[PDB]
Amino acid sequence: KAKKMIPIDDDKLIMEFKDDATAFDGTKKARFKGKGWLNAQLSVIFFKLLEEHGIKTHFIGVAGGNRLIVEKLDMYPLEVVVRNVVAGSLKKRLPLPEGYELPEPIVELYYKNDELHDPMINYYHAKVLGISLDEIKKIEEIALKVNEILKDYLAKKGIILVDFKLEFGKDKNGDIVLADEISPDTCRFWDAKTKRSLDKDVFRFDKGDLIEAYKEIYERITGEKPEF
């Protein structure tokens, strides 16, 4: 939908970020010149920050442009959502308004399954899917640590980390490794002062120019204007 995965050997693969965007279960589509580049660069920056804080990620290197070199993993069929501020689907699960500051972070597990439209699950469903409690607990422990690091880092830069989605896999040592991407596609980012979205919500709800929003994020994080 927004990324290509190209095998290299029985060891690593290429993650290519595309300019395509989709929302509302693939029903809304557009293309954004340079979105691939931005998401790639921002993933790189985030993976490197996390690695420095002792988070095992799949990031190996950059292969020029929109391509990252990443470790091949046996992927868990999960999307792991961490939420700090009420937004999106959480409003349908808790009678709390958009912008409501949660007393502590919420972690939600979604089963990656297109036929079922990625339904929420709990630890018991996970076990039936072959994911032990020990594994789930390790997964949530990492997500919550990732949350702390990202939110602290973004707060210093005037960005509120509202919520975000992670994915994980297992390496050949049986270690749990952070995978996929971390980008304005997979996080909610709000300007600390104005509360305005600097993320995919801009595309989702026609809140303005997506590229402009993603550029702003890139500039606020790196300190420089995007080269492309």
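Heads up, when I say rigid core I mean the largest set of C-alphas that superpose within 1.5 Å between the two forms. Sequential numbering from 1, following the sequence displayed.
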| item | value |
| --- | --- |
| 25-33 against 42-50 - segment lying farther from this form in 8 other deposited structures of this protein (CA RMS, rigid core fit) | 25-33 |
| 55-63 versus 42-50 - greater average Cα B-factor per the deposited record | 55-63 |
| Mean temperature factor over C-alpha atoms, higher-scoring stretch between 168-176 and 22-30 | 22-30 |
| Third of the chain, ranked by Cα B-factor, where residue 135 sits | lowest |
| Residue 194 by Cα B-factor - lowest, middle or highest third of the modelled chain | highest |
| Residue 92 - Cα temperature factor, lowest/middle/highest third of chain | middle |
| Entry-reported Cα temperature factor of residue 127, expressed as the chain third it lands in | lowest |
| B-factor third for the C-alpha atom of residue 157 within its chain | highest |
